[PDB]
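The listed protein sequences correspond, in order, to chains B and A.
Going by PDB author numbering, 188 is the number at position 185 of the first sequence; the sequence numbering is gapless.
Residues 1 to 8, 13 to 211, numbered by PDB author numbering, are exactly what the second sequence covers, in order.
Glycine is no exception: its CB is placed at the ideal position from the N, C-alpha and C atoms.
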Amino acid sequence: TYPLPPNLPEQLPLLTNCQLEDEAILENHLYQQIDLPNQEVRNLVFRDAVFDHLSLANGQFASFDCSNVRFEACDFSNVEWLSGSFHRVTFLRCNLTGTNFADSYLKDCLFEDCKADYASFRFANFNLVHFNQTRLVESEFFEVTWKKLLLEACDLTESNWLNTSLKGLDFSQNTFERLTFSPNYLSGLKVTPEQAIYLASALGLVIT
Amino acid sequence: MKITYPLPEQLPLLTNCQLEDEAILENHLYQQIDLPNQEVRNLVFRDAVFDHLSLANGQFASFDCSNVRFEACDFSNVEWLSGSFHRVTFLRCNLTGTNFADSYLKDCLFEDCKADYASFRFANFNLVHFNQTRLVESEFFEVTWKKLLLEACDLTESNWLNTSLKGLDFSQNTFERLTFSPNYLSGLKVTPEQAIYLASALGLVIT
Ligand SMILES: [Cl-]
Ligand SMILES: [Cl-]
Ligand SMILES: [Cl-]
Ligand SMILES: [Cl-]
C-alpha cells in the first residue's frame, strides 16, 4: 500500500507571491517562486495546494498543519516543524537538509528524490510514509513509531535508528555504509548479504 | 606452545586389569585392556598412560583423572558426570556420546578425537584445547570457561546456549549451523559464511 497522494484538481489558480501570518491558511492555489527565508510563524495551515520553488529556509513553524499538498523543488533547509501534522503530503525534489520534524505526525506522506541529510524524525509517528530516492545521510529516525514505512533507493549511511523497530522494513533496496540501531529491534529487517555482514560486525562479531 | 609444564620402558606395562570402587590406576602404561560396561565409584587414574583402553558404556561416579595420556582409547557412551580432569590429553580417542556434564577440566587437550554427540553441558573449563576433533551434535551449553581454544573442529549442530562466545575463534573451525544465545555472541571471531548463518539466526531476512 502506497501513501495516498495529495487530493488535488488538475488545474489550480496561480499565485507568485504570498504572505505568512500566524493562523494564516494558504489553500486552493499553485504558489510559485516565493522566497520567504528566516520566518517565525505559528499555527500555519497549508492545504489543498501545490508549492513550486517556495523557500522557507531557516524558518520556524510551531503547530504547523499540512494536508493534501505537494511541495515541488522547495527549500526547507534547517526548517523547524516540531510536532507538525502532515496528511496526504508529497515532498518532491525538495531540499530537506537539516529539516527538523521531531515529534510530528505523518500520515500518507511521500518523500521523492529529496536531499534530506541531517533531517530529523526523532519521536515522529509515521503511518503510510514512503521515502523514495531520498538522501538520508546522518538523518535521525530515533524512537520512531511507525506503520507501513517504506524506504527505497535511499542513502541511509550514518542514520540513527536507535529505539525504532526494524522488524518488517526492507533496507535491501537502500544503501548504508554505517548504521546506528538497537540490537533488540533488529530481527525481521530485510537486507543484502553485504548489509548483513556489516550488521553482524556492528553486533560485535569479528569477521575475517 | 603450552604455558604449563608438559606431561613426562619409561613406565612399567600392564596389559590387563580390573576396576573396583576406589581403585587407583597409577604409574603404569596400561595397554590393550577391554573393560566395557563397568560401573565403578571414585576411580582414580593418575600419572599414567592408557593405550587402547576401552571403557565403552562405563558409568563412573566422581571420576578423578590427573597427569594422564589417553591414546586410542574407546570412551564411547561413557558417563563421567561431575568428573575432575587435570593435565589430561586425549589423543585419537573415541568420545562418541561421552558425557562430561558438570565436570571440571583444567589443562586438558583433545587431539584428533571423534566426539560426535559428546556433552560438556554445565562443564567448567580452565585451559582446554580441542584440535582436529569432530564435535558434531555436541553439547557446550551453560559452559563456564577460561583459555578455551578450538581449531580444525567440526562444530555442526553443536549447542552453545548460555555459553559466552566472546574471545572464541570459530573461523578456524567449520559448522553448517549451530545453536547459540544472541546475548552471548559479541566477540566471537568467524568467517563471512559463518557470519551469514549467525545473522540469519538473529532474524535478519537476507536476500
Ligand atoms: Cl504527488
Ligand atoms: Cl548497502
Ligand atoms: Cl578458539
Ligand atoms: Cl540470549
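For residue i, the first and last residue of its enclosing beta strand (DSSP E)
i        : result
A:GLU30  : 28 to 30
A:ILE3   : A:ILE3 -> no beta strand (DSSP E), and no H or E assigned at all.
A:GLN63  : 63 to 65
B:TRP84  : Taken as a continuous stretch (DSSP letters only), B:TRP84 belongs to no beta strand (DSSP E), as it is neither H nor E.
B:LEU154 : 148 to 155
A:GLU43  : 43 to 45
A:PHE74  : 68 to 75
B:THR183 : 182 to 184
B:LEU57  : 48 to 58
B:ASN163 : 162 to 164
A:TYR34  : 33 to 38
Where the alpha helix (DSSP H) through residue i begins and ends
i        : result
B:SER204 : 196 to 205
Strand pairing of residue i, partner residues [DSSP]
i                      : result
B:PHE114               : B:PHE94, B:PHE134
B:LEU109               : B:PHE89, B:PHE129
A:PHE144               : According to DSSP, A:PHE144 bridges with nothing at all.
residue 215 of chain A : In the structure as shown, chain A begins at 1 and stops at 211. Residue 215 of chain A is therefore absent and cannot be evaluated.
A:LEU17                : A:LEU33
Assigned exposure category for residue i - 16 Cβ within 10 Å defines buried
i        : result
B:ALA156 : exposed
A:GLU26  : exposed
B:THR137 : buried
A:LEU17  : exposed
B:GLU43  : exposed
A:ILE28  : exposed
A:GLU180 : exposed
A:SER142 : buried
B:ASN71  : buried
A:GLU24  : exposed
A:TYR5   : exposed
A:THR100 : buried
B:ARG73  : buried
Contact test: residue i Cβ vs ligand 4 heavy atom, cutoff 7 Å
i        : result
B:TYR188 : no
A:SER58  : no
B:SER175 : no
A:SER185 : yes
Residue i: CB within 7 Å of a non-hydrogen atom of ligand 2
i        : result
B:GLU141 : no
B:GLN198 : yes
B:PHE179 : yes
Residue i CB to nearest heavy atom of ligand 3 below 7 Å
i        : result
A:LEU182 : no
B:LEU165 : no
A:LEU172 : yes
A:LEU154 : yes
Any non-hydrogen atom of ligand 1 within 7 Å of residue i CB
i        : result
B:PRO8   : yes
B:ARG125 : no
B:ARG73  : yes
B:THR4   : no
B:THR160 : no
A:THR211 : no
B:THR93  : yes
### Task
Determine which residues of the stretch 197 to 209 of chain B have a Cβ less than 7 Å from any Cβ of chain A, and write them out in chain order.
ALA199, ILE200, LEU202, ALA203, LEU206, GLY207, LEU208, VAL209
### Query
For the stretch 166 to 182 of chain A, which residues have a beta carbon sitting closer than 7 Å to at least one beta carbon of chain B?
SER175
### Message
Along the stretch 94 to 110 of chain A, where does the CB come closer than 9 Å to a CB of chain B? Name the residues.
### Response
none
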